[PDB]
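Protein chains get the first letters and strands the later ones, always in sequence-line order, with residue 1 at the start of each. Quick note: numbers below take in every heavy atom, side chains included, and nothing from hydrogens, waters or symmetry partners.
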Amino acid sequence: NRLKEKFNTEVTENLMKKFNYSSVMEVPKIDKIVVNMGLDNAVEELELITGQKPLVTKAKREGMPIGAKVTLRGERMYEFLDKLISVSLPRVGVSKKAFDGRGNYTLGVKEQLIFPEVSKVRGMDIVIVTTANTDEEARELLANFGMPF
Amino acid sequence: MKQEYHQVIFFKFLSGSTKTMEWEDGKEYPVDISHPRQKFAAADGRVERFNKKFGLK
Amino acid sequence: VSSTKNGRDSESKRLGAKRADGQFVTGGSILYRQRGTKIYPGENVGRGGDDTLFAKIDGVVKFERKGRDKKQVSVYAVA
Amino acid sequence: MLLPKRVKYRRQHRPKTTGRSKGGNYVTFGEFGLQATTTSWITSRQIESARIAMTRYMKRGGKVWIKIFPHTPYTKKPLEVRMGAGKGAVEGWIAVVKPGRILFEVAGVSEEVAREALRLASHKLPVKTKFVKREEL
Amino acid sequence: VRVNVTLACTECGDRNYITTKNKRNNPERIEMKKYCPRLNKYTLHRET
Amino acid sequence: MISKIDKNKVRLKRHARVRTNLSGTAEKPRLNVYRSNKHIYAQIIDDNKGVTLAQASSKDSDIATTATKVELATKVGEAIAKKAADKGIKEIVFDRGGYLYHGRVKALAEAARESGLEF
RNA sequence: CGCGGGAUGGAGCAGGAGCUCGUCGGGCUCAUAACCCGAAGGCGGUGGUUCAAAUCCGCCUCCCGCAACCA
RNA sequence: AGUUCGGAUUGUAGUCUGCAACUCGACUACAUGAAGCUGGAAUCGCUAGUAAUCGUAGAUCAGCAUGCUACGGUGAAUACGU
RNA sequence: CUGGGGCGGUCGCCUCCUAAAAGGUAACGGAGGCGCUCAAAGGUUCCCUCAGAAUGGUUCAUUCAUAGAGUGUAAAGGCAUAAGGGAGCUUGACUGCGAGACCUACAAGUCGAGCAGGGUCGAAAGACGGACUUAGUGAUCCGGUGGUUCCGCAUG
RNA sequence: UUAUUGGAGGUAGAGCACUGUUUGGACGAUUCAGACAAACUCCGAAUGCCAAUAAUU
RNA sequence: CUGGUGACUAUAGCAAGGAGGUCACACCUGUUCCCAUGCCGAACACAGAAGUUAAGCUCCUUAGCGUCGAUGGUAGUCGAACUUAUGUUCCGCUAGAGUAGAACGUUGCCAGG
Ligand SMILES: [K+]
Ligand SMILES: [K+]
Ligand SMILES: [K+]
Ligand SMILES: [Mg+2]
Ligand SMILES: [Mg+2]
Ligand SMILES: [Mg+2]
Ligand SMILES: [Mg+2]
Ligand SMILES: [Mg+2]
Ligand SMILES: [Mg+2]
Ligand SMILES: [Mg+2]
Ligand SMILES: [Mg+2]
Ligand SMILES: [Mg+2]
Ligand SMILES: [Mg+2]
Ligand SMILES: [Mg+2]
Ligand SMILES: [Mg+2]
Ligand SMILES: [Mg+2]
Ligand SMILES: [Zn+2]
């Protein structure tokens with residue numbers, strides 16, 4: 001992926017310069033992206049915009065299906081993030097205070113039409129989880145990666 | 001992965017999607033919004049709007 | 001006048017220890033009656049369907065510690 | 001009248017009244033206290049009357065801690081009924097008081113004023129009491 | 001709801017197995033493999 | 001952040017749960033397998049005495065080479081079974097070590113089975 | 001004193017919330033009533049069982065039925 | 001097709017009268033684009049150049065008419081009977 | 001039965017407290033439940049770990065969290081060996097028994113290693129004679145139904 | 001029966017680690033202090049009980 | 001000294017600071033083959049070796065939370081005498097709480113150095 005090459009390039013060099021690291025293994029990287037649409041139509045829309053079959057999340061009457069979700073990591077996650085940065089985001093900037101206090105970020109999209117690939121426009125949420133130990137470190141890494149903060 | 005989704009080309013750049021053009025790589029892929037310049041000048045302001053309307057310098 | 005809505009109890013089940021530590025028992029002797037594993041089956045001791053602990057061989061009963069908060073009962077051959 | 005907002009069991013065995021006070025034998029919140037020297041049940045009505053006497057004598061200027069609470073319900077049979085046919089209904093709430101227990105504590109007044117307020121409270125109680133101060137050394 | 005069930009296989013008249021089932025949950029004639037002492041083998045015993 | 005898993009400790013908990021009802025005695029010792037990222041080691045233990053009688057490894061000078069991991073596990077199983085046969089060992093109980101009975105662990109078990117251990 | 005039953009729009013009745021009258025607005029009438037057309041508006045409470053309570057557990061505040069004796 | 005029906009409401013920029021359009025004028029341009037898809041109980045007008053419908057003019061009047069008064073164009077249906 | 005009798009309530013089984021740290025232990029003492037359910041909620045192999053809170057997001061993610069969840073059902077005793085959650089295969093919710101024990105006036109009730117016959121799951125050791133355990137039940141006589149190398153009144 | 005030794009169990013007491021009850025502070029529910037319980041227990045005796053091999057009986 | 005695998009009531013844990021990595025243990029690289037995801041090569045599994053001690057892991061130091069824990073005294077109590085007092089006395093046993101203190105594991109077997 002283009003973002004994968006960007007991260008393997010001096011992006012990590014920027015993180016090391018700005019946070020004074022002693023090894024390249026302590027440079028934070030995005031662990032995964034979990035897309036949750038909180039239902040055949042919703043499952044199909046999520047699958048067609050993401051790429052894989054979603055997982056139906058039941059309730060903890062209890063036990064009924066309520067939402068759907070997808071986890072991405074590796075080449076697919078990197079391609080998804082590049083597509084979200086380039087093709088998808090401007091159709092919908094973004095909150096820079098929505099941090100977990102540990103280094104993971106969450107963003108909610110209300111209309112699914114902002115994806116290149118509906119009768120009732122439902123809203124989904126994206127969680128980008130990284131190996132960053134601080135909100136500051138995660139935000140700096142994401143901004144370097146190109147998040148439209 | 002269990003056993004569509006290819007590498008379509010959306011400027012131009014490679015990407016993966018399901019909503020399915022030669023490249024420098026030599027292969028072809030399936031191929032509005034460049035998002036805003038200043039676009040429009042901001043509001044003049046009431047004093048400037050008043051002075052310009054009546055020519056009062 | 002009035003009346004009471006209580007006045008019920010089940011038959012007592014005579015649970016608890018049936019043989020002593022250091023006692024000799026024939027195989028099959030029930031060593032402990034219990035609900036759940038208040039005491040665990042140790043060496044040469046079995047656990048029945050109703051949690052009864054019984055000796056699998058003839059020998060001497062030994063009630064012993066099992067970790068910090070549990071205990072067990074074993075049977076060791078006299079020889 | 002002090003009483004628990006709820007209890008698990010409303011019908012309880014009456015508590016054992018032999019022995020000495022398990023705890024609460026020292027002044028810990030105030031400066032002076034009233035220490036029981038004999039044993040009795042202490043009812044919430046007795047507690048309220050004693051507290052009113054104390055607070056009235058100090059004009060609500062100092063401050064009082066009631067160290068005992070009536071956790072225990074007790075039952076009483078309806079009048080003119082024979083024995084049996086189940087336990088009676090809750091009649092009131094008591095605290096078990098044994099020698100040594102501090103019943104009340106007061107602070108914010110002089111020793112003489114506290115002594116008089118505690119004497120007035122003591123005369124409302126079914127136990128003998130002694131004026132005490134915080135123990136040092 | 002729950003009724004008594006007797007299972008007998010084709011090549012026996014032993015009818016030695018009784019069991020229970022929920023008539024609402026299992027409206028069919030239940031089948032199971034059970035040991036048949038006459039034939040010294042497992043056989044397909046089916047509810048009568 | 002995102003914590004890791006410590007595969008070795010997850011394995012250890014699984015292995016303790018297996019050892020709850022798996023143990024080796026004098027007449028039937030336990031062939032315990034440990035498998036790291038690059039090497040596989042097998043031991044023959046009499047848990048009744050707490051004593052190890054035979055051992056083999058993919059890092060042993062005689063049984064170390066540059067080969068497939070499955071093949072190295074096969075060689076280690078053969079070496080351990082040969083050592084057990086040199087001793088008085090015919091029947092054992094296989095302690096998979098908390099890993100799935102697949103891949104390298106399966107290869108070692110099968111190699112010992114072929115070379116002579118009865119399990 | 002013992003046993004049991006009831007608390008439903010504002011009123012009388014049905015009962016895990018509907019009929020009639022009452023209110024509001026409009027109409028008919030010289031006007032009122034009657035009549036006609038629309039709108040709103042409710043599980044006695046106190047704690048619990050329960051995914052969920054008018055509904056079920058116990059109690060509380062009143063009313064209602066039988067009985068409250070052999071001396 | 002709540003739409004190329006509807007133009008209420010609101011924003012902006014103007015024109016004219018008037019000493020002066022904030023309360024509180026009329027009109028214009030651009031934008032916006034509400035309720036409304038023939039209306040319950042009930043109730044009104046009209047017998048012929050009438051009803052219906054379409055425009056026009058005047059008084060008052062600096063400016064302000066969906067009102068009033070007046071004018072023509074198109075132009076029906078029905079009345080068995082008390 | 002009954003702190004006289006009547007009226008009221010109760011009558012069998014399970015769990016807890018009273019019950020005095022083995023077991024047992026009464027009252028018209030204090031609290032509740034049962035007269036079922038499940039074709040998997042049984043067996044086996046493999047994998048897995050919860051409630052709650054905070055922090056962000058129009059259920060999803062992170063960290064603390066030994067259980068503060070769950071365990072079909074009342075309570076108690078147990079259970080993160082998981083006995084709790086999921087998945088594949090399956091029917092041991094087998095047949096003949098059974099050394100030896102618990103309980104016990106009797107009749108009953110309870111546990112049970114092992115042996116044989118045939119299976120299921122598992123690579124294998126092995127586990128499995130229903131369910132985390134303890135309620136969900138009713139004698140004999142009589143009658144119905146199926147089987148039967150048994151009897152069957154001179155013989156068939 | 002006693003002596004010694006081993007064991008099972010949760011009472012007395014105590015305690016607040018669970019459930020429930022309760023009194024004062026402080027802080028932005030947490031923490032601090034202090035209390036209550038047959039059906040509370042992080043704890044836990046004396047006894048009594050079950051057994052094993054010497055003295056007496 | 002490291003590693004595997006056992007035994008022992010956490011004196012063994014947890015937390016906070018440092019040192020280490022050649023072989024080893026790891027993080028790691030990939031998804032072509034066995035295998036695997038109610039979705040995901042995250043985990044499971046297989047191939048490996050660019051890289052890094054950053055983490056897990058090992059060694060050193062902290063009594064901070066947890067854990068262990070006396071002696072002395074107290075509560076309670078078997079027995080005995082007095083006694084009817086919400087009791088007293090004698091004798092034996094002897095808590096819980098709290099204090100001193102202990103503790104940052106010990107140790108069997110096998111393999112490597
Ligand atoms: K009586
Ligand atoms: K008892
Ligand atoms: K407490
Ligand atoms: Mg069982
Ligand atoms: Mg059973
Ligand atoms: Mg205290
Ligand atoms: Mg138009
Ligand atoms: Mg009577
Ligand atoms: Mg006793
Ligand atoms: Mg007992
Ligand atoms: Mg009942
Ligand atoms: Mg019943
Ligand atoms: Mg089960
Ligand atoms: Mg004859
Ligand atoms: Mg004959
Ligand atoms: Mg007590
Ligand atoms: Zn058959």
Provide the Watson-Crick or G-U wobble partner of [N], both distances under 3.5 Å; none if there is no partner.
| N | value |
| --- | --- |
| G:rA7 | G:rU61 |
| K:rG76 | K:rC93 |
| I:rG122 | none |
| I:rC46 | I:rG86 |
| K:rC8 | K:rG105 |
| I:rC115 | I:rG96 |
| J:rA3 | J:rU53 |
| I:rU10 | none |

Counting only Watson-Crick and G-U wobble pairs, both distances under 3.5 Å, are [N] and [M] paired?
| N | M | result |
| --- | --- | --- |
| K:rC35 | K:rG41 | yes |
| G:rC21 | G:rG10 | yes |
| I:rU49 | I:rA22 | no |
| H:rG58 | H:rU10 | no |
| K:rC82 | K:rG20 | no |
| G:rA39 | G:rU23 | yes |
| I:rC103 | I:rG42 | no |
| J:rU23 | J:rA8 | no |
| I:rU110 | I:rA101 | yes |
| K:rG64 | K:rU58 | no |

Look at the side-chain N and O atoms of [X] and state whether any lies under 4.0 Å from the OP1 or OP2 oxygen of [N].
| X | N | answer |
| --- | --- | --- |
| F:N8 | K:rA26 | no |
| C:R19 | J:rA51 | no |
| B:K53 | H:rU12 | no |
| C:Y32 | J:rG9 | yes |
| E:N22 | I:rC38 | yes |
| A:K69 | K:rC40 | no |
| D:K8 | J:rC40 | yes |
| C:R68 | K:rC68 | yes |
| A:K32 | I:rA61 | no |

Practice task
Would you check if A:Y21 stacks with the base of K:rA54, given a 5.5 Å centroid limit and a 30° plane limit, both strict?
Solution key: no

Handout entry: D:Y9 over J:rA39, stacked by centroid distance under 5.5 Å, angle under 30°
Key =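 Stacking is present between J:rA39 and D:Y9, given that their ring centres fall under 5.5 Å apart and the planes under 30°.
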
With distance as the sole criterion, do the side chain of [X] and the base of [N] form a donor-acceptor contact below 3.5 Å?
| X | N | answer |
| --- | --- | --- |
| D:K22 | J:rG13 | no |
| C:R8 | I:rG32 | yes |
| E:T19 | I:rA39 | yes |
| F:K69 | K:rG48 | yes |
| E:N25 | I:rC38 | no |
| C:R33 | I:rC102 | yes |

Exercise for the section: Determine if K:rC8 and its strand neighbour K:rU9 meet both stacking conditions: ring centres closer than 5.5 Å and an interplanar angle below 30°. Expected result: no

Practice task
Check whether the six-membered base rings of J:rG9 and J:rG10 have centres under 5.5 Å apart and planes under 30 degrees, and report yes or no.
Solution key: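 No, the criteria are not both met.
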
Handout entry: Donor on one side chain, acceptor on other, E:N40 and E:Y35, under 3.5 Å
Key = yes

Practice task
Verify the distance criterion only: is there a donor paired with an acceptor across the side chains of D:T75 and D:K87 at less than 3.5 Å?
Solution key: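 Short answer, yes.
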
Exercise for the section: May I ask you to say what C:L15 touches in the nucleic acid, namely base, sugar-phosphate or nothing, with a heavy-atom cut-off under 4.0 Å? Expected result: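 Sugar-phosphate: the residue C:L15, judged by heavy atoms under 4.0 Å, touches backbone atoms but no base.
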
Exercise for the section: With heavy atoms under 4.0 Å as the rule, sort C:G36 into base, sugar-phosphate or nothing. Expected result: base

Practice task
Please examine the side chains of D:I47 and D:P70, heavy atoms only from C-beta on, and report whether any two atoms are closer than 4.5 Å.
Solution key: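 Yes, their side chains come closer than 4.5 Å.
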
Practice task
Rounded to the nearest angstrom, tell me the gap between atom NZ in B:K52 and atom P in H:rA13.
Solution key: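 Spelled out: NZ on B:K52 to P on H:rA13 is 14 Å.
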
Problem - Face-on cation placement of C:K66 at C:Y40 ring, 6.0 Å and 45° thresholds - result: yes

Handout entry: Geometric cation-pi criterion, E:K34 with E:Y17: 6.0 Å, 45°
Key = yes

Problem - Between H:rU74 and H:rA51 - P atom distance, rounded Å - result: 16 Å

Problem - Residues D:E105 and D:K63 bridged, charged N to O under 4.0 Å - result: no

Exercise for the section: Could you pick out which residue, F:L100 or D:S40, lies toward the 5' side of RNA chain K when each is mapped onto its nearest nucleotide? Expected result: F:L100

Handout entry: F:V33 or F:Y99, whichever maps to the more 5' nucleotide of RNA chain K
Key =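 Between the two, 5'-proximity favours F:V33.
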
Practice task
Quick one: closest heavy-atom pair of A:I126 and A:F80, and the distance?
Solution key: CG2-CE2, 4.3 Å

Practice task
Measure from the side-chain N and O atoms of F:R104 to the backbone N and O of F:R35, and report whether any donor-acceptor pair falls under 3.5 Å.
Solution key: no

